[PDB]
Structure formats: C-alpha cells, structure tokens
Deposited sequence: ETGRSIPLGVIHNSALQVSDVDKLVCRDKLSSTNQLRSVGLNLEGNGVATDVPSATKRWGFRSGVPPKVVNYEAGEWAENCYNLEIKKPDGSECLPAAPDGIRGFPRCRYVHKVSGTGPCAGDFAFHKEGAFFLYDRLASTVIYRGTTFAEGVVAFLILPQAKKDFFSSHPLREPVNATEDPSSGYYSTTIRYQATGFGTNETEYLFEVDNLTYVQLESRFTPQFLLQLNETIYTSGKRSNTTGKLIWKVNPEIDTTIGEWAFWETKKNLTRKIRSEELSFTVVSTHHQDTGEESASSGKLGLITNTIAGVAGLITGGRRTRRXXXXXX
C-alpha cells in the first residue's frame, strides 16, 4: 500500500497522506518532513535475551532491505549477536559499509554462541525492523548493536550517556531448545532465565566478584539462582553460595 504520513490536526495525531490534505495545510519546506524510529521497548515488549531472541528467525530466499531514518529513541536494551554454526562458520553477515550500531543503549546484550542457523538471513518474526545508526534493516548484522523498532513518517507543522555491555553464551540459537548463560568472567557463568533484569544481572555480577564466588581453577563454573530469589516496564519503576560444574546461589 501507500506509506502513511503522520499529521497533527485538532490537537491530535492523525494518519493521512499528501493526497488528502486541504489547502489550509501548508508544507513550505522539506524540514517539515521527518522520519523517526520508535523502539519496541516503548510498547511494553519483554526485553530479556530469552524473550527477545524468540522474535527473530532465519529465512532464505528474501533479500535484505534497508531504509533511512533521521531521529531515534534512547534504548534501555540493545542486542549484539556473534553466532556461529557448529562447524565454525558465521551465521550472520558482516555489517555493510557505513552501518554503525544503534547510538544510544543503556544495556547492550552481547550474545555469543552456536546454533544451526537454518537460513541465510535472520529476520524479525513480527515484521519489525532492526534499528542501527539512523538505518533500519530487515535483517540482523554480525556484531552490530541494534534495537528492535519501527519507523514513522511525519509532517511537522510550520542526562549523561552510559552504556554497559552484558555478555551471554548461547547454545541451540534459533531452535526451540536454546540455552543461555550470563558470563561473569571467562570461567564463571550464571544460568540465565527470563525474569533476570539487567539491574539484577549487574548486581549478581558485583556480588560474585566481591564475595570471591568466581572460579579459582581452570575449569568452568556455572551458578544457578534458586527460584526463591526475585525482585513493570523500565520507564515506570543475604546470599549463600555453595557448590554442588554446577552450583546454587541461595
């Protein structure tokens, strides 16, 4: 169909197009035409890595497509994927020339791991876009920070920045049997669940470091949080460790 256009009439936003304005409507400069990228975050979608990755999938036969946008929204959750196949080959294409990561991310969820990747490109299952630096794509690029979102086109009428990288390891990526681990260091991991917020993950990381709960050997140590530990949208808001290489954090 024809691409809709947002215009302000009667102190309210309305969808319209250039062919259904009235002579009273005045477009005197291209400066009144604006493209904006809005994050799925703002609509109330679950942003944890298990929930977010379920919205993406691999498909072949569909070429990727790209559209510009001028202004974007500060994101709390972004994602940066480094996925390989079990044979070692890359699942995602390198970012084309001039495609930089999404510029404003409070938490960048960097996910490394493996999966079958039964498809040439990773698309958004719900039809949304992957928002990069002033560029929206239909597919995910390797190692490039993105926010999920959608684009609107408008006719206008005539605060420090901090980013924290949260690293994960993944097995069976893409399938319906995907497993995630939160990486404390290269040998200490926490089995991840959907209910863990970014703030809880950063405090669990600070607790493990200061309490000496990191692995002090050459082997891999994986902690499990017991379900008895728990603590809305992002905008509206005594631990015992014993080893059982699994373990439990009560």
(message) Checking coverage: what stretches of the deposited chain sequence are missing C-alpha positions?
(response) 1-3, 162-183, 257-260, 267-277, 285-323
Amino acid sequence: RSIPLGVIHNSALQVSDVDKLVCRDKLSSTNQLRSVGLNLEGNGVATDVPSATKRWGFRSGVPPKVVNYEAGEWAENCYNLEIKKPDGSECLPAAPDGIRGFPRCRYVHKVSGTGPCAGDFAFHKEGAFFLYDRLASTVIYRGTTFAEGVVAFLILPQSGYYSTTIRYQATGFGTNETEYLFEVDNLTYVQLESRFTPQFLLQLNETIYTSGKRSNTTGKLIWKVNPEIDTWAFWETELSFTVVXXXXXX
From here on, numbers count along this sequence of modelled residues.
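We call the rigid core the largest set of C-alpha positions that still match within 1.5 Å between the two forms.
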(request) Once the rigid core is lined up, would you tell me whether 219-227 or 193-201 has the higher RMS CA deviation in 7 other deposited structures of this protein? (result) 219-227
(request) Find out whether the coordinates of residue 238 are absent in at least a third of the other compared PDB entries of the same protein. (result) yes
